[PDB]
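Just one chain follows, in the form deposited in one PDB entry, and it is written as C-alpha cells.
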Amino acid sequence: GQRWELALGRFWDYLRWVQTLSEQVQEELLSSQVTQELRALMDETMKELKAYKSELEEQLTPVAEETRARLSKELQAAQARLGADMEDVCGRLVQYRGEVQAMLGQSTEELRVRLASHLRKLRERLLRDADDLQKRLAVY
C-alpha cells in the first residue's frame, strides 16, 4: 500500500482500460489524450518511487560497501526497466496512431487485433518488472 504502489496501480488500471480498445479508447487513441494521461501517470509513479527509495535509505542494515553498492545499483536498474516498459507502451500507442492515419480511412479492425495482442505482451512485461522491483524493494 506504499505510495509508489498506488501510483503504479493508477497507471496499471488506466492501461487495463486502454487494452479494451473500446469506442472511447480508440477515440482518445487518435488524439494524444491517452499517451499524455499515461505520461502523467508514469511521471507520478517514478517520482514517488524515487522518494520512497530515498526514505528507505534512512533505516538500513549496514553491510560491506560493496554489497550495498551492488544492491543499490540492482535497484536502480529495476527502476529503469519499469520506466522503459512504460515508454515502450506509449511508443506502441504512437505507432498505432500513425498506422491508422496511414490507412486513410480504411478499416482498422486488423490494426486493433494486432495492437491488443502486442499491448498484452508489453503489459505482461511491465507486470513482471514491477513484481521484481517490488521484491528488491522489500528485501532492502
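In case it trips you up, residue 1 is the first one in the sequence shown, and so on.
For the segment pair 57-65 and 97-105, the entry gives 57-65 the higher mean B-factor, averaged over Cα atoms. In this crystal structure, the stretch out of 71-79 and 42-50 whose C-alpha atoms carry the higher mean B factor is 71-79.
The PDB entry assigns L137 a C-alpha temperature factor belonging to the highest third of its chain's modelled residues.
What comes next is about the form deposited with a small molecule bound, which is not displayed.
By the 4.5 Å heavy atom rule, the three marked residues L6, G9 and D131 all count as contacting the small molecule in the deposited complex. Among heavy atoms of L127, some come within 4.5 Å of the small molecule in the deposited complex. Taking the partner from the other structure, the small molecule in the deposited complex has no heavy atom within 4.5 Å of any heavy atom of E23.
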